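One chain comes next, on its own, written out as structure tokens in the form deposited in one PDB entry.
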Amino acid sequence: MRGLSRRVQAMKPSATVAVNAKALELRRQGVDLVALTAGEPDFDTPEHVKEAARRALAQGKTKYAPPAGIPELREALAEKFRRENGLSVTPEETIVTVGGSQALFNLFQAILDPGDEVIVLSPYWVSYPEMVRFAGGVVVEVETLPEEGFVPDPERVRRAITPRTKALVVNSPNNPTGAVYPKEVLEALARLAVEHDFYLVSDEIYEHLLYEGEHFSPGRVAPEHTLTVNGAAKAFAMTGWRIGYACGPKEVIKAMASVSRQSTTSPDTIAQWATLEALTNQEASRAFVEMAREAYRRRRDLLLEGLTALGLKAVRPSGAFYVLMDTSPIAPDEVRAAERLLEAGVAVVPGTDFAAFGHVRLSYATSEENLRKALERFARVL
């Protein structure tokens, strides 16, 4: 007979894309609308990357690549994790995927069985629960508080661990909070994975957008249980290039590669050779990370001063380019707050799907002029 599978029918939308869409329906239809949505840098990919791409095009590098990625990228990846993150990884333990999104999707398919519990910390990125449910697993949430700086307490994590616990997902720097978890917390969370035998999944894609504090990889402390997910998307503004990477135990990496062969075969060969340039032309890429980071700090400090002056509450971020704002003064519910803000002229993402109620997500990957218009209209809706 005909009809769609249950697994695809049970899946809910994503406001993180349903808002950016809508904004354009209305903005392509006119209307001065300031957007504070968006999960990508306003910057365009560094020029040294664009040329590495053109060189590949000219060298005729347009052929099929191995499901785990070109050998050269896999070697530059091991070197990246080793020097930047201090992870003892060989090239066999690295994999190139179609964005970090696919590094998370292929992992869940190669590790989850129906009924397997996955602990996700709220607020969390919209896709985590969806990627878990699609694979057959069940989502176990463990809340982190605004008054804790949105930093999880391993005690509370420990209390969620049942015998069905297959994986734990940690993401630092975090979306949507903007929190940077300290070495001790990530280290405590890894100990728990080693003691209660489960996988620790670490999404570190915002690694280089760090203002204060330092980035730590829990993989140092638990290499046989940790799968470190990352990608070129946030760091070098290559969102549309679809290039992510992950490292972990040889058996899980090889299982993730099998799924790839089955699905995408392997990531676009041009984008791979271009990413090799971002990882191996250190002095030109660093100047890129430095430029963007100072421009994001400036954007953050300016947003925060204006929020505080308007009487709005928001926990100060240390990474990423997101801000969770308590919509308490605007409306009795984040969904209603967004409605009122949209009328007022500003697009923003409701925190309902992030299991961040009474909150909204503002992104500062836009110019300081737009941030001012938004602080202007926020003062209008009051």
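Heads up, when I say rigid core I mean the largest set of C-alphas that superpose within 1.5 Å between the two forms. Only residues modelled in both forms are compared. From 1 onward, residues are counted along the sequence shown.
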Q29 dropped from a third or more of the other entries of this protein: yes
Across other compared entries, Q9 missing in at least a third: no
Between the two ranges 58-66 and 316-324, the one averaging a larger CA B factor in the entry: 58-66
Stretch with the greater mean C-alpha B-factor as recorded in the entry, comparing 235-243 against 75-83: 75-83
Top Cα B factor in the deposited entry, candidates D153, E204, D116, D268: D153
Residue with maximal Cα B-factor (values as given in the PDB entry) among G99, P173, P223, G136: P223
Assigned third (lowest, middle, highest) for the C-alpha B factor of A193: middle
Modelled-residue ranking by C-alpha temperature factor, third containing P41: lowest
Within-chain third of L342 by Cα B-factor, per the entry: highest
Chain-wide C-alpha B factor ranking for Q262, given as lowest, middle or highest third: highest
Cα B factor band for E130 (lowest, middle or highest third within the chain): lowest
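One more form of this protein, deposited in another entry, exists but is not displayed; see below.
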Large Cα move at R27 between the shown form and the other one, threshold 2 Å, rigid core: yes
Core superposition between the shown form and the other one, C-alpha change of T16 at least 2 Å: yes
Cα separation of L24 and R336 in the other entry versus here, shift of 3 Å or more: closer
Inter-Cα distance between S101 and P13 in the other entry, nearer or further [3 Å or more]: farther
Consecutive-residue runs (3+) with Cα displacement of 2 Å or more between the shown form and the other one, core aligned: 13-30
